[PDB]
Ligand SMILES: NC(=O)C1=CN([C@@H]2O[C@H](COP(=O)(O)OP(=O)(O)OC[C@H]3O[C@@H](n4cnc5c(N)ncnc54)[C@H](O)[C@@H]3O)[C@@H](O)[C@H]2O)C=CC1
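Given as structure tokens, the chain that follows is alone and in the form deposited without this ligand.
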């Protein structure tokens, strides 16, 4: 396989049963890592993901947990160490979103998205960094961001804020813990071909509208994001910390400016 330094590494992935999380689970399995799959409530997909990792070459467990609940996050990292012996890579991938006019967005709805998308990643990063520091492990944190840590998002002010927050969180933790060999990085996916988007992307006109926002002209495959994750987690990225690596087919480069407009 590709990244040999990843063989037998313990990798925890929140929301790891579907979409980007699953594709990362499987790719780390292809690298013969030991994967810990978190999931909110869909056991069967988690079980399916578990089997894919094993069938690709990895060991795997599944663990139920809500990332808005501190004990579930604490429990997740502890379960990983109990079961597999250690922790090497922490991937905070859970996320929720819904469109609402911003002046109409409720406080409860703002909070749900903030708690899940930002606070969940803080909790996960914290619990991982704690463990690395306590045990002198030069570990690795990958936080799942979005093109929307840079691209503003009308109707999704909670989501955009959550990721803008995630960016400074990541950069801060990277600076703070860089002298301990602990690396912390964001991945910024563009529009990706996942479960949440299956409905939209079936419609030919909505698919084309989305593709028109992508300079490379196609919706990303989750494996292309997983490729970035493997790289970042590996010792090939040894001198890379506190960055956001956008995997968006050019979306942050301002798609409305194609062909020299404006």
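Residue numbers count along the first chain shown, from 1.
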If you take the mean CA temperature factor per stretch, which one wins between 239-247 and 8-16? 8-16
Per the entry, higher mean C-alpha B factor between 194-202 and 26-34: 194-202
Choose from 110, 122, 156, 84 the residue with the greatest Cα B-factor as stated in the PDB record. 84
When you compare the CA B-factors of 168, 142, 161, 80 as listed in the entry, which one comes out on top? 80
If you rank every modelled residue in this chain by C-alpha B factor, which third holds residue 149: lowest, middle or highest? lowest
The third of the chain into which the C-alpha temperature factor of residue 56 falls is the highest
Binned into thirds over the chain's modelled residues, the C-alpha B-factor of residue 63 lands in the highest
Chain-relative C-alpha B factor for residue 219 (record values, thirds): the middle
Tell me, lowest, middle or highest third: where does the Cα B factor of residue 136 rank within its chain? highest
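What comes next is about the form solved in complex with this ligand, which does not appear here.
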Quick one: find which of 158-166, 173-181, 128-136, 82-90 has residues within 4.5 Å of this ligand in the deposited complex by heavy atom distance. 158-166
Indicate whether this ligand has at least one heavy atom within 4.5 Å of a heavy atom of residue 231 in the deposited complex. no
Evaluate residue 123 for contact with this ligand in the deposited complex, applying a 4.5 angstroms cut-off between non-hydrogen atoms, and reply yes or no. no
Would residue 195 count as touching this ligand in the deposited complex under a 4.5 Å heavy atom rule? yes
Do residue 249 and this ligand share at least one heavy atom pair within 4.5 Å in the deposited complex? no
Picking from 224, 211, 66, 54, the single residue whose non-hydrogen atoms come within 4.5 angstroms of this ligand in the deposited complex is 66
Output the sequence-ordered list of residues from 103-129 with at least one heavy atom within 4.5 Å of this ligand in the deposited complex. 116
